[PDB]
6 protein chains.
Amino acid sequence: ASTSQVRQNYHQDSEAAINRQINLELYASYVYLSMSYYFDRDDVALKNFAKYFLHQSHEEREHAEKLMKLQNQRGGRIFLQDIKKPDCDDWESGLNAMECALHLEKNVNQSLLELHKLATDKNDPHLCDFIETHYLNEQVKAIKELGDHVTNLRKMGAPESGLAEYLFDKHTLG
Amino acid sequence: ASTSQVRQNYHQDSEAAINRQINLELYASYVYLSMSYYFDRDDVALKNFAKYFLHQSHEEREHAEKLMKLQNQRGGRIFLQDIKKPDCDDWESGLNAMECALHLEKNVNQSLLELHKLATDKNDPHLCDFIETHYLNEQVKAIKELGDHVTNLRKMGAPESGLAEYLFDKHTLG
Amino acid sequence: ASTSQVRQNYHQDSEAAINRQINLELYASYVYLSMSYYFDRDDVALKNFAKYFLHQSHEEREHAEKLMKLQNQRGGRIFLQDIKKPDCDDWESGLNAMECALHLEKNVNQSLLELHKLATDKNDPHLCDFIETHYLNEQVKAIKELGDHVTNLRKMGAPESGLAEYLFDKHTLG
Amino acid sequence: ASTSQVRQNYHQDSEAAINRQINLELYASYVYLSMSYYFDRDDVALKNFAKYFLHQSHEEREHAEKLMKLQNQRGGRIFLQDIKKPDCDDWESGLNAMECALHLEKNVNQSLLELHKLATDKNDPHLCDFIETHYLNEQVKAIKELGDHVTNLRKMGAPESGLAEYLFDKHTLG
Amino acid sequence: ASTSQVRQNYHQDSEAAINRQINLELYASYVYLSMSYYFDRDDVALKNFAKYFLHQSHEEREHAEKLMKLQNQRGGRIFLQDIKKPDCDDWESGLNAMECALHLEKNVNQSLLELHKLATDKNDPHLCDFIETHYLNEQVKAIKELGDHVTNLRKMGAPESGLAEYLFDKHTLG
Amino acid sequence: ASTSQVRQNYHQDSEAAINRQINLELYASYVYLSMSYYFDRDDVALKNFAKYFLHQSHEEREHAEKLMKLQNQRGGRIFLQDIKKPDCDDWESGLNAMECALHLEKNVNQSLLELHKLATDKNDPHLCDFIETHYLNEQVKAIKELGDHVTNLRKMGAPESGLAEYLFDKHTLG
Ligand SMILES: [Cl-]
Ligand SMILES: [Cl-]
Ligand SMILES: [Cl-]
Ligand SMILES: [Cl-]
Ligand SMILES: [Cl-]
Ligand SMILES: [Cl-]
Ligand SMILES: [Cl-]
Ligand SMILES: [Cl-]
Ligand SMILES: [Cl-]
Ligand SMILES: [Cl-]
Ligand SMILES: [Cl-]
Ligand SMILES: [Cl-]
Ligand SMILES: [Cl-]
Ligand SMILES: [Cl-]
Ligand SMILES: [Cl-]
Ligand SMILES: [Cl-]
Ligand SMILES: [Cl-]
Ligand SMILES: [Cl-]
Ligand SMILES: [Cl-]
Ligand SMILES: [Cl-]
Ligand SMILES: [Cl-]
Ligand SMILES: [Cl-]
Ligand SMILES: [Cl-]
Ligand SMILES: [Cl-]
Ligand SMILES: [Cl-]
Ligand SMILES: [Cl-]
Ligand SMILES: [Cl-]
Ligand SMILES: [Cl-]
Ligand SMILES: [Cl-]
Ligand SMILES: [Cl-]
Ligand SMILES: [Cl-]
Ligand SMILES: [Cl-]
Ligand SMILES: [Cl-]
Ligand SMILES: [Cl-]
Ligand SMILES: [Mg+2]
Ligand SMILES: [Mg+2]
Ligand SMILES: [Mg+2]
Ligand SMILES: [Mg+2]
Ligand SMILES: [Mg+2]
Ligand SMILES: [Mg+2]
Ligand SMILES: [Mg+2]
Ligand SMILES: [Mg+2]
Ligand SMILES: [Mg+2]
Ligand SMILES: [Mg+2]
Ligand SMILES: [Mg+2]
Ligand SMILES: [Mg+2]
Ligand SMILES: [Mg+2]
Ligand SMILES: [Mg+2]
Ligand SMILES: [Mg+2]
Ligand SMILES: [Mg+2]
Ligand SMILES: [Mg+2]
Ligand SMILES: [Mg+2]
Ligand SMILES: [Mg+2]
Ligand SMILES: [Mg+2]
Ligand SMILES: [Mg+2]
Ligand SMILES: [Mg+2]
Ligand SMILES: [Mg+2]
Ligand SMILES: [Mg+2]
Ligand SMILES: [Mg+2]
Ligand SMILES: [Mg+2]
Ligand SMILES: [Mg+2]
Ligand SMILES: [Mg+2]
Ligand SMILES: [Mg+2]
Ligand SMILES: [Mg+2]
Ligand SMILES: [Mg+2]
Ligand SMILES: [Mg+2]
């Protein structure tokens, strides 16, 4: 209600867009958590797939926390919503999880690009710089890594080859 | 569907109760995350309250991950639900957050005690030992610490005394 | 007069705006110097307030020097004006100095945002990047820190409570 | 042909502009290589001019490699063209080489500024940030250093003074 | 207004003279700052002249801070005035800057000698000792160093010899 | 034009042959650079193939620089030509790149053997020794390594087996 003493050049629309991005980062954390423990099942048993996705889960929680810090730095107010359960599901294989992660990271990137366009439209260079510095190249590198992983699994003969996913687990994710 | 090759003495009801406890631990992680960033606001500005609740948030995620590992160890199947947004809210003060945390940790403890009673009724000593070893004394210590904190804040004159919450932030949580 | 051999895509208006920002950074250095020695008076005697503002004074001189380096890097010509004596004055209390610093840092931020808008209008991405990298987030962090300090001093009971300012001097600025 | 699985918000025109910039960086590497070995001639014999330009040659190859990495990160396709032999030539003196390098680095900067304007027109903030972070300030510093070197050689009395170029070789480039 | 609890044998006239000397030291800091960045220009490009005068600028700020500390130690009240922009200007050469610095340091010395004569007339031995200990020999050494530098630049053939200023920059200020 | 003061027993034809070999070494550097970034594509994604060919690219630039040094040591004059874009192309697979590299290194070897025959015909033992010491055995080892790599990839079932190229990337080039 009462205006923040710190708030300056921070549009109400940008404040709301940051709250939506916090929810998306927490959702991405949850998707990777679910994917991690699929690979920990006794009938899947690919421990480096499990470790890879758990690390990715922890990284998304860090991405959400940094946006929460930004909201307070600019004098906005954090508004939280439910974190939806992962949608994608029936994980099925290493290849199918990697394809789900690729799609997730491209959707997160599209959200960030819309956020950047809003910050540009409201002439908020601090928020533009925040998104560019901490998010956009991190998304480009994540998308490229996931594409590389999908390519290798497809060339090795996944998902039909259980040997392909086993050897990728050792040699790329190990 | 098809029975796990590892499953032994693990009742369907226990499997479902563990899924419910995973959701509760993730919910508790979310409540502490919300409480943390309230204290990071420029109009609250109690950085050791913020750090204390963030650490508590991270600990609840570890509690959820260990239950997910247990579900797979016993040959159950993880089933995830939405993580509800925190309920409590309007954080208002250090004292009121500490009282909300005390109530949260007592509800989590009551859930664990119901889980233990189910495991006892299904003669599952491994699950009883898991809950006793990793959860019950961790809840007793958390509840005692939170009661201690509430007592000190009340005796110091919180929430009316902004000096009380400031000095508690430095001397107890610093 | 004669065109710099280094100058490229550097508008006369941007050159003049950088000279105005150099003067403002030197003015901010002078305001913090004055505020520092107020707290060194024998009838004020808050040594960590004094040290805090002296450090802030030295940081503003660094901000001015970096803009002088930028002017020469781009082939502009530094033009200096008098550094006005601090306006605000009658320092009165730790809280009132912190409020003056908050207002100063918000005015400096507004100057930087106008500078960024000019650089954007003249399609000068190097100057936009310079301002974003070295100034805009440094202003957001300074404003947030000063708001946090004002909040704590108000909650502790400043300026009426000499005990509040004494204890803030030890515990936050010490 | 078939769309990259990684490509997102990456305009065909930006892809082609990056290929043109790769060629220019390789061309700049070649110009500095040629300039280096001129100073290694027995009838020129200025070993620190030779070392300075060789280092600059190696740096331009790094600039080209980073753009090739960017093209693949964004899901574009590298397209290579011949690397033209250096144009400028008849090196003649330390001063004349430094003037050729100044002109080269200003042309490379103008190419980067056109690339940035295209990325801005296609609302590609990742590519704008890439150019700003890795190229624009590196060009401003190179241009300023080369201007400084040209100024000193002119003031010392180059190119007529072989003593000027000898002493600059020892004291500035040594 | 109300007499300091610390003030003893500290004449109103001495208090005012110390305020005037604070302004002069800040003015000298500003003159050296301006001189420093002249040598950082791409068409001057004498980096050790730039570093020498920047160090001298920082030293004058220390001289001003020590006088501000003295004013408070004795129970006087600091009164600040605008810091005038440097007068001298059109820097023109290393030799002309060194001559301006020599004239500045002789004017500062004359101010200190007038301050000492006032302190002697008011029988203030503490203030006499302060000026003698911290200022008078520091001025004699600065004046002697600047004379030495002017002599060498004149003998080497400055300002006509750009080679003289270049070699002095390397060998004396390097 | 005017004869070098250093030139002795260095035939005009040898001087021209060395200039042609400089161009070929730069061309080989460019072929390996192109091959490297093919393996960095998201739809190829063999990072140790990429690293192997990038190292080979850097080694060819060193081979060109050493010939440029030789030309100056003997008092010849470096004459540069355009560096043609790689010819071979459509890289297609690890095996096909390795076969292109084998063919490249055999053509470079044939050029060196023609250079040696010219140096022998002009009774230039220094140039014969230079070629033998720095180039001929380096070509024999490169050709043997590339043949070994082609053999292994063929035996493992490349190019049809994406598993063969993946495992060769880890075990031979990793
Ligand atoms: Cl507003
Ligand atoms: Cl919202
Ligand atoms: Cl909701
Ligand atoms: Cl990458
Ligand atoms: Cl990167
Ligand atoms: Cl059963
Ligand atoms: Cl369930
Ligand atoms: Cl649900
Ligand atoms: Cl306890
Ligand atoms: Cl205990
Ligand atoms: Cl205390
Ligand atoms: Cl112009
Ligand atoms: Cl101006
Ligand atoms: Cl003025
Ligand atoms: Cl902050
Ligand atoms: Cl930050
Ligand atoms: Cl204490
Ligand atoms: Cl498209
Ligand atoms: Cl193209
Ligand atoms: Cl071509
Ligand atoms: Cl620079
Ligand atoms: Cl810089
Ligand atoms: Cl010398
Ligand atoms: Cl008196
Ligand atoms: Cl006065
Ligand atoms: Cl004034
Ligand atoms: Cl002396
Ligand atoms: Cl002495
Ligand atoms: Cl001959
Ligand atoms: Cl030739
Ligand atoms: Cl050609
Ligand atoms: Cl061998
Ligand atoms: Cl061998
Ligand atoms: Cl292995
Ligand atoms: Mg959403
Ligand atoms: Mg990640
Ligand atoms: Mg994320
Ligand atoms: Mg649902
Ligand atoms: Mg970055
Ligand atoms: Mg529940
Ligand atoms: Mg806990
Ligand atoms: Mg818990
Ligand atoms: Mg609800
Ligand atoms: Mg125990
Ligand atoms: Mg102004
Ligand atoms: Mg500051
Ligand atoms: Mg500043
Ligand atoms: Mg005035
Ligand atoms: Mg921008
Ligand atoms: Mg930054
Ligand atoms: Mg071109
Ligand atoms: Mg360079
Ligand atoms: Mg370059
Ligand atoms: Mg041509
Ligand atoms: Mg930068
Ligand atoms: Mg005066
Ligand atoms: Mg001095
Ligand atoms: Mg002084
Ligand atoms: Mg005036
Ligand atoms: Mg005496
Ligand atoms: Mg002494
Ligand atoms: Mg050829
Ligand atoms: Mg090789
Ligand atoms: Mg070679
Ligand atoms: Mg062609
Ligand atoms: Mg040998």
# chains A, B, ... in the order shown; residues from 1 in each chain; ligands from 1
>>> interface_residues(of="chain C", to="chain A", cutoff="10 Å", atoms="only C-alpha atoms", output="MDAnalysis selection string")
chainID C and resid 99 102:103 105:106 109:110 113 116:117 120 128:129 131:133 135:137 139:148 150:151
>>> write_last_selection(atoms="N, CA and C atoms", output="mmCIF file, in the first residue's frame")
data_model
loop_
_atom_site.group_PDB
_atom_site.id
_atom_site.type_symbol
_atom_site.label_atom_id
_atom_site.label_comp_id
_atom_site.auth_asym_id
_atom_site.auth_seq_id
_atom_site.Cartn_x
_atom_site.Cartn_y
_atom_site.Cartn_z
ATOM 1 N N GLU C 99 18.667 9.646 6.526
ATOM 2 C CA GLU C 99 17.589 10.108 5.610
ATOM 3 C C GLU C 99 18.128 11.039 4.528
ATOM 4 N N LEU C 102 19.903 8.807 1.996
ATOM 5 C CA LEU C 102 18.891 8.113 1.163
ATOM 6 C C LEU C 102 18.416 9.046 0.061
ATOM 7 N N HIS C 103 18.081 10.264 0.409
ATOM 8 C CA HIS C 103 17.602 11.256 -0.586
ATOM 9 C C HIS C 103 18.687 11.566 -1.630
ATOM 10 N N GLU C 105 21.199 9.573 -2.547
ATOM 11 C CA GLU C 105 21.475 8.429 -3.430
ATOM 12 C C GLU C 105 20.309 8.256 -4.429
ATOM 13 N N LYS C 106 19.074 8.564 -4.041
ATOM 14 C CA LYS C 106 17.934 8.549 -4.978
ATOM 15 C C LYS C 106 18.115 9.673 -6.008
ATOM 16 N N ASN C 109 20.731 8.468 -8.421
ATOM 17 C CA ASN C 109 20.131 7.408 -9.268
ATOM 18 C C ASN C 109 19.281 8.040 -10.369
ATOM 19 N N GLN C 110 18.471 9.024 -10.033
ATOM 20 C CA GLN C 110 17.614 9.673 -11.053
ATOM 21 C C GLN C 110 18.512 10.310 -12.123
ATOM 22 N N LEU C 113 19.724 7.531 -14.381
ATOM 23 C CA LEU C 113 18.641 7.027 -15.246
ATOM 24 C C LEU C 113 18.421 8.006 -16.395
ATOM 25 N N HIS C 116 21.225 7.395 -18.774
ATOM 26 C CA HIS C 116 20.986 6.154 -19.529
ATOM 27 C C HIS C 116 19.968 6.411 -20.648
ATOM 28 N N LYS C 117 18.919 7.145 -20.356
ATOM 29 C CA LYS C 117 17.894 7.450 -21.372
ATOM 30 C C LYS C 117 18.514 8.249 -22.524
ATOM 31 N N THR C 120 20.614 5.861 -24.582
ATOM 32 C CA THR C 120 19.673 5.024 -25.350
ATOM 33 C C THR C 120 19.160 5.829 -26.577
ATOM 34 N N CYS C 128 25.627 2.932 -22.457
ATOM 35 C CA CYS C 128 24.543 2.230 -21.719
ATOM 36 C C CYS C 128 25.145 1.114 -20.829
ATOM 37 N N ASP C 129 25.997 0.265 -21.393
ATOM 38 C CA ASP C 129 26.659 -0.855 -20.694
ATOM 39 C C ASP C 129 27.530 -0.305 -19.555
ATOM 40 N N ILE C 131 27.152 2.444 -17.758
ATOM 41 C CA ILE C 131 26.245 2.922 -16.675
ATOM 42 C C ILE C 131 25.614 1.734 -15.958
ATOM 43 N N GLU C 132 25.153 0.748 -16.708
ATOM 44 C CA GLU C 132 24.513 -0.461 -16.136
ATOM 45 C C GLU C 132 25.532 -1.241 -15.290
ATOM 46 N N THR C 133 26.749 -1.431 -15.797
ATOM 47 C CA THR C 133 27.773 -2.295 -15.174
ATOM 48 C C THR C 133 28.318 -1.663 -13.904
ATOM 49 N N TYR C 135 27.335 1.515 -12.321
ATOM 50 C CA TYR C 135 26.569 2.510 -11.534
ATOM 51 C C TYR C 135 25.187 1.997 -11.113
ATOM 52 N N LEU C 136 24.352 1.431 -11.994
ATOM 53 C CA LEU C 136 22.912 1.296 -11.650
ATOM 54 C C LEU C 136 22.704 0.320 -10.490
ATOM 55 N N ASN C 137 23.396 -0.803 -10.483
ATOM 56 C CA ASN C 137 23.142 -1.783 -9.383
ATOM 57 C C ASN C 137 23.848 -1.304 -8.111
ATOM 58 N N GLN C 139 23.860 1.800 -7.189
ATOM 59 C CA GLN C 139 22.837 2.723 -6.622
ATOM 60 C C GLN C 139 21.693 1.940 -5.973
ATOM 61 N N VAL C 140 21.206 0.872 -6.612
ATOM 62 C CA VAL C 140 20.105 0.066 -6.046
ATOM 63 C C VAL C 140 20.577 -0.523 -4.714
ATOM 64 N N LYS C 141 21.776 -1.080 -4.648
ATOM 65 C CA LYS C 141 22.251 -1.634 -3.367
ATOM 66 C C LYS C 141 22.414 -0.517 -2.335
ATOM 67 N N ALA C 142 22.995 0.647 -2.686
ATOM 68 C CA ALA C 142 23.145 1.756 -1.706
ATOM 69 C C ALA C 142 21.793 2.213 -1.157
ATOM 70 N N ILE C 143 20.812 2.350 -2.029
ATOM 71 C CA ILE C 143 19.475 2.820 -1.621
ATOM 72 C C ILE C 143 18.843 1.790 -0.687
ATOM 73 N N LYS C 144 18.947 0.520 -1.030
ATOM 74 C CA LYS C 144 18.352 -0.531 -0.194
ATOM 75 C C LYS C 144 19.042 -0.522 1.197
ATOM 76 N N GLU C 145 20.361 -0.406 1.248
ATOM 77 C CA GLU C 145 21.116 -0.420 2.544
ATOM 78 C C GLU C 145 20.673 0.771 3.396
ATOM 79 N N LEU C 146 20.586 1.942 2.782
ATOM 80 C CA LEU C 146 20.185 3.149 3.507
ATOM 81 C C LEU C 146 18.742 3.025 3.970
ATOM 82 N N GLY C 147 17.839 2.490 3.143
ATOM 83 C CA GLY C 147 16.473 2.259 3.648
ATOM 84 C C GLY C 147 16.455 1.326 4.847
ATOM 85 N N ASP C 148 17.212 0.236 4.751
ATOM 86 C CA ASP C 148 17.303 -0.730 5.863
ATOM 87 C C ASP C 148 17.751 0.018 7.121
ATOM 88 N N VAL C 150 17.625 3.330 7.902
ATOM 89 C CA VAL C 150 16.530 4.226 8.358
ATOM 90 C C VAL C 150 15.455 3.419 9.088
ATOM 91 N N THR C 151 15.020 2.275 8.554
ATOM 92 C CA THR C 151 13.965 1.455 9.165
ATOM 93 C C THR C 151 14.399 1.060 10.592
#
>>> select_by_dssp(residues="segment 56-142 of chain A", states="alpha helix (DSSP H)", output="number ranges by chain")
A: 56-74, 94-121, 125-131, 137-142
>>> residues_near_ligand(ligand="ligand 14", cutoff="9 Å", atoms="only C-alpha atoms and all ligand atoms", output="JSON, numbers by chain")
{"C": [80, 81, 82, 83, 84], "E": [84, 85]}
>>> residues_near_ligand(ligand="ligand 11", cutoff="9 Å", atoms="only C-alpha atoms and all ligand atoms", output="number ranges by chain")
B: 167, 170-171; C: 167, 170-171
>>> write_last_selection(atoms="C-alpha atoms", output="mmCIF file, in the first residue's frame")
data_model
loop_
_atom_site.group_PDB
_atom_site.id
_atom_site.type_symbol
_atom_site.label_atom_id
_atom_site.label_comp_id
_atom_site.auth_asym_id
_atom_site.auth_seq_id
_atom_site.Cartn_x
_atom_site.Cartn_y
_atom_site.Cartn_z
ATOM 1 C CA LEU B 167 18.730 -6.809 19.694
ATOM 2 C CA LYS B 170 22.024 -9.420 16.745
ATOM 3 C CA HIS B 171 22.523 -11.461 19.945
ATOM 4 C CA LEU C 167 23.449 0.659 19.910
ATOM 5 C CA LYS C 170 27.906 -0.604 17.694
ATOM 6 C CA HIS C 171 25.814 -3.454 16.224
#
>>> residues_near_ligand(ligand="ligand 46", cutoff="8 Å", atoms="only C-alpha atoms and all ligand atoms", output="VMD selection string")
chain C and resid 55 to 57 59 to 60 138 to 139 142
>>> write_last_selection(atoms="C-alpha atoms", output="mmCIF file, in the first residue's frame")
data_model
loop_
_atom_site.group_PDB
_atom_site.id
_atom_site.type_symbol
_atom_site.label_atom_id
_atom_site.label_comp_id
_atom_site.auth_asym_id
_atom_site.auth_seq_id
_atom_site.Cartn_x
_atom_site.Cartn_y
_atom_site.Cartn_z
ATOM 1 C CA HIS C 55 33.976 5.265 3.512
ATOM 2 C CA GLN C 56 30.905 6.380 1.464
ATOM 3 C CA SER C 57 32.759 9.736 0.737
ATOM 4 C CA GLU C 59 33.583 5.570 -2.746
ATOM 5 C CA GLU C 60 31.923 8.678 -4.432
ATOM 6 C CA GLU C 138 25.639 0.028 -7.072
ATOM 7 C CA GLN C 139 22.837 2.723 -6.622
ATOM 8 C CA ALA C 142 23.145 1.756 -1.706
#
>>> closest_atom_pairs(of="chain A", to="ligand 37", cutoff="7 Å", atoms="only C-alpha atoms and all ligand atoms", output="CSV")
residue,atom,partner,partner_atom_place_in_ligand_line,distance
A:25,CA,ligand 37,1 (Mg),4.9
A:28,CA,ligand 37,1 (Mg),6.7
A:60,CA,ligand 37,1 (Mg),4.5
A:63,CA,ligand 37,1 (Mg),5.1
A:108,CA,ligand 37,1 (Mg),6.7
>>> atom_distance(atom1="atom CA of residue 26 of chain E", atom2="atom CA of residue 62 of chain E")
9.3 Å
>>> atom_distance(atom1="atom CA of residue 87 of chain F", atom2="atom CA of residue 101 of chain F")
11.4 Å
>>> residues_near_ligand(ligand="ligand 45", cutoff="7 Å", atoms="only C-alpha atoms and all ligand atoms", output="compact mmCIF listing (two decimals) with N, CA and C atoms, in the first residue's frame")
# COMPACT_ATOMS: atom_id res chain seq x y z
N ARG C 20 28.37 16.67 -16.26
CA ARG C 20 27.40 16.97 -15.17
C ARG C 20 27.43 15.84 -14.13
N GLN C 21 27.53 14.58 -14.56
CA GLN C 21 27.53 13.47 -13.57
C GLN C 21 28.82 13.48 -12.74
N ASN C 23 30.40 16.13 -11.74
CA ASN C 23 30.17 17.14 -10.69
C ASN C 23 29.28 16.57 -9.59
N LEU C 24 28.23 15.88 -9.96
CA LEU C 24 27.30 15.31 -8.95
C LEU C 24 28.03 14.29 -8.07
>>> atom_distance(atom1="atom CA of residue 39 of chain D", atom2="atom CA of residue 94 of chain D")
8.0 Å
>>> residues_around(residues="segment 46-48 of chain B", least_positions_apart="2", cutoff="8 Å", atoms="only C-alpha atoms", output="PyMOL selection string")
chain B and resi 39-40+44+50-52+166+169-170+173-174
>>> write_last_selection(atoms="N, CA and C atoms", output="short mmCIF file (atom, residue, chain, number, x, y, z; two decimals), in the first residue's frame")
data_model
loop_
_atom_site.label_atom_id
_atom_site.label_comp_id
_atom_site.auth_asym_id
_atom_site.auth_seq_id
_atom_site.Cartn_x
_atom_site.Cartn_y
_atom_site.Cartn_z
N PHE B 39 11.73 -10.65 6.13
CA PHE B 39 12.72 -9.94 6.98
C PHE B 39 13.77 -9.22 6.14
N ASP B 40 13.84 -9.52 4.87
CA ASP B 40 14.73 -8.85 3.88
C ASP B 40 14.06 -7.60 3.32
N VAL B 44 11.40 -3.80 7.08
CA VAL B 44 11.50 -4.81 8.18
C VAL B 44 12.96 -4.91 8.59
N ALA B 50 16.14 -13.09 8.61
CA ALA B 50 16.09 -13.56 7.20
C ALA B 50 17.00 -14.79 7.06
N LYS B 51 18.26 -14.73 7.51
CA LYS B 51 19.22 -15.85 7.35
C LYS B 51 18.71 -17.09 8.10
N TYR B 52 18.21 -16.93 9.32
CA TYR B 52 17.71 -18.04 10.16
C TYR B 52 16.61 -18.80 9.40
N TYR B 166 15.34 -5.94 17.21
CA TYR B 166 16.68 -5.59 16.72
C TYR B 166 17.77 -6.31 17.53
N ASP B 169 17.78 -10.10 17.07
CA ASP B 169 18.41 -10.36 15.75
C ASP B 169 19.95 -10.41 15.89
N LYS B 170 20.55 -9.47 16.62
CA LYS B 170 22.02 -9.42 16.75
C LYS B 170 22.50 -10.55 17.65
N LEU B 173 20.27 -14.52 16.99
CA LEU B 173 20.35 -15.10 15.62
C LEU B 173 21.63 -14.71 14.88
N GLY B 174 22.45 -13.82 15.44
CA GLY B 174 23.63 -13.28 14.74
C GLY B 174 24.81 -14.22 14.74
#
>>> residues_near_ligand(ligand="ligand 30", cutoff="12 Å", atoms="only C-alpha atoms and all ligand atoms", output="NGL selection string")
:F and (11-23 or 71 or 76-81)
>>> closest_residue(among="C:149, C:122, C:134, C:155", to="ligand 12", atoms="only C-alpha atoms and all ligand atoms")
C:122
